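Source file start_26.pdb; content: PDB, C-alpha atoms.
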```
MODEL        1
ATOM      1  CA  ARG A 160      70.442  62.273  87.982  1.00  0.00           C
ATOM      2  CA  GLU A 161      71.173  66.007  88.122  1.00  0.00           C
ATOM      3  CA  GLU A 162      68.000  66.677  86.129  1.00  0.00           C
ATOM      4  CA  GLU A 163      65.974  64.554  88.553  1.00  0.00           C
ATOM      5  CA  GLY A 164      67.621  66.199  91.573  1.00  0.00           C
ATOM      6  CA  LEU A 165      69.159  63.219  93.368  1.00  0.00           C
ATOM      7  CA  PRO A 166      72.493  63.732  95.160  1.00  0.00           C
ATOM      8  CA  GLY A 167      75.446  63.884  92.805  1.00  0.00           C
ATOM      9  CA  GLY A 168      77.801  61.677  94.790  1.00  0.00           C
ATOM     10  CA  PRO A 169      77.395  57.946  95.365  1.00  0.00           C
ATOM     11  CA  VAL A 170      75.218  56.726  98.226  1.00  0.00           C
ATOM     12  CA  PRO A 171      75.878  53.325  99.855  1.00  0.00           C
ATOM     13  CA  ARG A 172      73.136  50.762 100.431  1.00  0.00           C
ATOM     14  CA  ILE A 173      72.965  51.003 104.226  1.00  0.00           C
ATOM     15  CA  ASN A 174      70.197  50.836 106.840  1.00  0.00           C
ATOM     16  CA  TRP A 175      71.438  53.010 109.689  1.00  0.00           C
ATOM     17  CA  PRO A 176      68.668  51.826 112.073  1.00  0.00           C
ATOM     18  CA  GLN A 177      70.377  48.432 111.858  1.00  0.00           C
ATOM     19  CA  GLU A 178      73.865  49.898 112.303  1.00  0.00           C
ATOM     20  CA  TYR A 179      72.847  51.771 115.455  1.00  0.00           C
ATOM     21  CA  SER A 180      71.549  48.533 116.976  1.00  0.00           C
ATOM     22  CA  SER A 181      74.626  46.578 115.872  1.00  0.00           C
ATOM     23  CA  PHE A 182      77.371  48.813 117.257  1.00  0.00           C
ATOM     24  CA  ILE A 183      77.580  49.401 120.997  1.00  0.00           C
ATOM     25  CA  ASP A 184      79.113  52.894 120.892  1.00  0.00           C
ATOM     26  CA  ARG A 185      77.603  55.678 118.796  1.00  0.00           C
ATOM     27  CA  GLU A 186      80.882  57.457 118.015  1.00  0.00           C
ATOM     28  CA  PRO A 187      81.982  55.247 115.073  1.00  0.00           C
ATOM     29  CA  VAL A 188      78.421  55.133 113.726  1.00  0.00           C
ATOM     30  CA  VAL A 189      78.031  58.915 113.946  1.00  0.00           C
ATOM     31  CA  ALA A 190      81.411  59.357 112.259  1.00  0.00           C
ATOM     32  CA  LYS A 191      80.357  57.039 109.430  1.00  0.00           C
ATOM     33  CA  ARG A 192      77.093  58.947 108.995  1.00  0.00           C
ATOM     34  CA  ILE A 193      78.989  62.249 108.887  1.00  0.00           C
ATOM     35  CA  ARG A 194      81.393  60.941 106.242  1.00  0.00           C
ATOM     36  CA  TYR A 195      78.678  59.511 103.995  1.00  0.00           C
ATOM     37  CA  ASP A 196      76.364  62.509 104.371  1.00  0.00           C
ATOM     38  CA  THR A 197      79.254  64.789 103.401  1.00  0.00           C
ATOM     39  CA  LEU A 198      80.128  62.530 100.466  1.00  0.00           C
ATOM     40  CA  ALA A 199      76.544  62.455  99.168  1.00  0.00           C
ATOM     41  CA  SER A 200      76.405  66.283  99.286  1.00  0.00           C
ATOM     42  CA  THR A 201      79.432  66.868  97.023  1.00  0.00           C
ATOM     43  CA  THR A 202      79.816  66.577  93.245  1.00  0.00           C
ATOM     44  CA  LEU A 203      82.840  64.403  92.409  1.00  0.00           C
ATOM     45  CA  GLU A 204      83.142  65.952  88.947  1.00  0.00           C
ATOM     46  CA  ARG A 205      85.921  67.931  87.263  1.00  0.00           C
ATOM     47  CA  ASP A 206      85.969  70.109  84.144  1.00  0.00           C
ATOM     48  CA  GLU A 207      86.800  67.824  81.215  1.00  0.00           C
ATOM     49  CA  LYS A 208      87.351  70.842  78.992  1.00  0.00           C
ATOM     50  CA  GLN A 209      90.320  72.069  81.034  1.00  0.00           C
ATOM     51  CA  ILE A 210      91.531  68.503  81.592  1.00  0.00           C
ATOM     52  CA  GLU A 211      91.449  67.782  77.860  1.00  0.00           C
ATOM     53  CA  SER A 212      93.123  71.117  77.120  1.00  0.00           C
TER      54      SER A 212
ATOM     55  CA  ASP B  58     130.178  49.932  19.073  1.00  0.00           C
ATOM     56  CA  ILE B  59     129.895  46.169  19.594  1.00  0.00           C
ATOM     57  CA  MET B  60     131.673  44.698  22.600  1.00  0.00           C
ATOM     58  CA  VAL B  61     130.849  47.015  25.510  1.00  0.00           C
ATOM     59  CA  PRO B  62     127.205  47.367  24.363  1.00  0.00           C
ATOM     60  CA  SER B  63     126.737  43.591  24.385  1.00  0.00           C
ATOM     61  CA  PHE B  64     128.141  43.219  27.897  1.00  0.00           C
ATOM     62  CA  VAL B  65     126.032  46.102  29.194  1.00  0.00           C
ATOM     63  CA  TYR B  66     123.017  44.335  27.700  1.00  0.00           C
ATOM     64  CA  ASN B  67     124.020  41.142  29.513  1.00  0.00           C
ATOM     65  CA  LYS B  68     124.220  43.058  32.802  1.00  0.00           C
ATOM     66  CA  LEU B  69     120.735  44.576  32.665  1.00  0.00           C
ATOM     67  CA  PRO B  70     118.641  41.611  33.906  1.00  0.00           C
ATOM     68  CA  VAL B  71     120.680  40.857  37.028  1.00  0.00           C
ATOM     69  CA  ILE B  72     120.997  44.513  38.031  1.00  0.00           C
ATOM     70  CA  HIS B  73     117.264  44.989  37.519  1.00  0.00           C
ATOM     71  CA  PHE B  74     116.568  41.929  39.665  1.00  0.00           C
ATOM     72  CA  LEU B  75     118.932  43.001  42.446  1.00  0.00           C
ATOM     73  CA  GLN B  76     117.584  46.555  42.565  1.00  0.00           C
ATOM     74  CA  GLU B  77     114.005  45.291  42.782  1.00  0.00           C
ATOM     75  CA  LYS B  78     115.014  43.185  45.783  1.00  0.00           C
ATOM     76  CA  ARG B  79     116.791  46.168  47.330  1.00  0.00           C
ATOM     77  CA  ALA B  80     113.644  48.266  46.935  1.00  0.00           C
ATOM     78  CA  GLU B  81     111.537  45.517  48.504  1.00  0.00           C
ATOM     79  CA  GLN B  82     114.093  45.335  51.311  1.00  0.00           C
ATOM     80  CA  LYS B  83     113.643  49.048  52.010  1.00  0.00           C
ATOM     81  CA  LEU B  84     109.853  48.713  52.096  1.00  0.00           C
ATOM     82  CA  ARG B  85     110.087  45.681  54.377  1.00  0.00           C
ATOM     83  CA  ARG B  86     112.319  47.563  56.816  1.00  0.00           C
ATOM     84  CA  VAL B  87     109.896  50.502  56.761  1.00  0.00           C
ATOM     85  CA  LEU B  88     107.025  48.226  57.766  1.00  0.00           C
ATOM     86  CA  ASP B  89     109.077  46.348  60.366  1.00  0.00           C
ATOM     87  CA  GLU B  90     109.872  49.550  62.300  1.00  0.00           C
ATOM     88  CA  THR B  91     106.178  50.354  62.855  1.00  0.00           C
ATOM     89  CA  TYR B  92     104.740  49.395  66.240  1.00  0.00           C
ATOM     90  CA  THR B  93     101.502  50.605  67.825  1.00  0.00           C
ATOM     91  CA  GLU B  94     102.415  52.766  70.832  1.00  0.00           C
ATOM     92  CA  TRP B  95      99.948  52.629  73.733  1.00  0.00           C
ATOM     93  CA  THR B  96     100.170  55.466  76.254  1.00  0.00           C
ATOM     94  CA  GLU B  97      99.289  55.292  79.950  1.00  0.00           C
ATOM     95  CA  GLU B  98      97.411  58.097  81.704  1.00  0.00           C
ATOM     96  CA  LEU B  99      96.895  58.769  85.404  1.00  0.00           C
ATOM     97  CA  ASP B 100      93.891  56.788  86.591  1.00  0.00           C
ATOM     98  CA  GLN B 101      91.000  59.032  87.591  1.00  0.00           C
ATOM     99  CA  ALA B 102      90.317  57.041  90.771  1.00  0.00           C
ATOM    100  CA  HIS B 103      93.376  58.568  92.438  1.00  0.00           C
ATOM    101  CA  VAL B 104      92.013  61.972  91.423  1.00  0.00           C
ATOM    102  CA  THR B 105      88.683  61.031  92.999  1.00  0.00           C
ATOM    103  CA  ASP B 106      90.501  59.926  96.163  1.00  0.00           C
ATOM    104  CA  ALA B 107      92.509  63.147  96.448  1.00  0.00           C
ATOM    105  CA  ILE B 108      89.252  65.047  95.911  1.00  0.00           C
ATOM    106  CA  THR B 109      87.682  63.170  98.825  1.00  0.00           C
ATOM    107  CA  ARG B 110      90.685  63.739 101.096  1.00  0.00           C
ATOM    108  CA  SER B 111      90.656  67.472 100.354  1.00  0.00           C
ATOM    109  CA  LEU B 112      87.053  67.548 101.609  1.00  0.00           C
ATOM    110  CA  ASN B 113      88.384  66.363 105.025  1.00  0.00           C
ATOM    111  CA  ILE B 114      86.125  63.289 104.814  1.00  0.00           C
TER     112      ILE B 114
ENDMDL
END
```

As structure tokens, what does this structure read like?
Amino acid sequence: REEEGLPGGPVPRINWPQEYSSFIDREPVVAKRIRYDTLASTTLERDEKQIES
Amino acid sequence: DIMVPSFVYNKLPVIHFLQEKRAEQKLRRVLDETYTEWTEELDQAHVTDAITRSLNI
């Protein structure tokens, strides 16, 4: 995945155009989008040389 | 020359038999004390959760 260039972190299977229609207030939807967009832009990996050491 | 030698000869088979059993007993106890030891290590999911929390997500 890193070679291809896709985001390192997991990405949920969501269709935000549906979520916007579903919820009445944008605040929870915007918060969810912020959380997932921050998650997908971070590499949840540690150094398994230092960990093994 | 005669008497003690004969009675030592009579003793040999039983002592040999008993000492063989004693040796087998030691080996058996050695095997019986062996038990695979499985260790438990901190699950990495908690590490992944603390990583996420540190991001302020």

- [ ] Could you give me, as a count of residues only, the residues within 7 Å of residue 194 (chain A), counting all atoms listed in the file and dropping anything in the same chain fewer than 4 positions from it?
- [x] 3

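Distance criterion 10 Å to chain B, applied with all atoms listed in the file, yields residues 190, 191, 193, 194, 195, 196, 197, 198, 201, 202, 203, 204 and 205 of chain A on chain A.
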
Open item on the list: What's the separation between CA of residue 165 (chain A) and CA of residue 207 (chain A), in Å to one decimal place?
Closed with: 21.9 Å

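We find CA of residue 187 (chain A) and CA of residue 172 (chain A) to be spaced 17.7 Å apart.
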
Would you give the centre and edge lengths, in Å to one decimal, of a box along x, y and z around the listed atoms of region 186-205 of chain A, with 5 Å added to each side, as AutoDock Vina command-line options?
```
--center_x 81.1 --center_y 61.5 --center_z 102.6 --size_x 19.6 --size_y 22.8 --size_z 40.8
```

Got a sec to resolve the PyMOL selection byres ((chain A and resi 169) around 6) on this structure and send the residues as a PDB file with C-alpha atoms, keeping the file's coordinate frame?
```
ATOM      1  CA  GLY A 168      77.801  61.677  94.790  1.00  0.00           C
ATOM      2  CA  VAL A 170      75.218  56.726  98.226  1.00  0.00           C
ATOM      3  CA  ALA A 199      76.544  62.455  99.168  1.00  0.00           C
TER       4      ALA A 199
END
```

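In this structure, CA of residue 212 (chain A) sits 23.6 Å away from CA of residue 111 (chain B).
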
Translate the PyMOL selection byres ((chain A and resi 175) around 12), as applied to the file shown, into an explicit residue set as a PDB file with C-alpha atoms, in the coordinates of the input.
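Resulting contents of part-v1.pdb:
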```pdb
ATOM      1  CA  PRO A 171      75.878  53.325  99.855  1.00  0.00           C
ATOM      2  CA  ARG A 172      73.136  50.762 100.431  1.00  0.00           C
ATOM      3  CA  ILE A 173      72.965  51.003 104.226  1.00  0.00           C
ATOM      4  CA  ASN A 174      70.197  50.836 106.840  1.00  0.00           C
ATOM      5  CA  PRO A 176      68.668  51.826 112.073  1.00  0.00           C
ATOM      6  CA  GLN A 177      70.377  48.432 111.858  1.00  0.00           C
ATOM      7  CA  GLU A 178      73.865  49.898 112.303  1.00  0.00           C
ATOM      8  CA  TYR A 179      72.847  51.771 115.455  1.00  0.00           C
ATOM      9  CA  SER A 180      71.549  48.533 116.976  1.00  0.00           C
ATOM     10  CA  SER A 181      74.626  46.578 115.872  1.00  0.00           C
ATOM     11  CA  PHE A 182      77.371  48.813 117.257  1.00  0.00           C
ATOM     12  CA  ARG A 185      77.603  55.678 118.796  1.00  0.00           C
ATOM     13  CA  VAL A 188      78.421  55.133 113.726  1.00  0.00           C
ATOM     14  CA  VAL A 189      78.031  58.915 113.946  1.00  0.00           C
ATOM     15  CA  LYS A 191      80.357  57.039 109.430  1.00  0.00           C
ATOM     16  CA  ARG A 192      77.093  58.947 108.995  1.00  0.00           C
ATOM     17  CA  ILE A 193      78.989  62.249 108.887  1.00  0.00           C
ATOM     18  CA  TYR A 195      78.678  59.511 103.995  1.00  0.00           C
ATOM     19  CA  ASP A 196      76.364  62.509 104.371  1.00  0.00           C
TER      20      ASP A 196
END
```
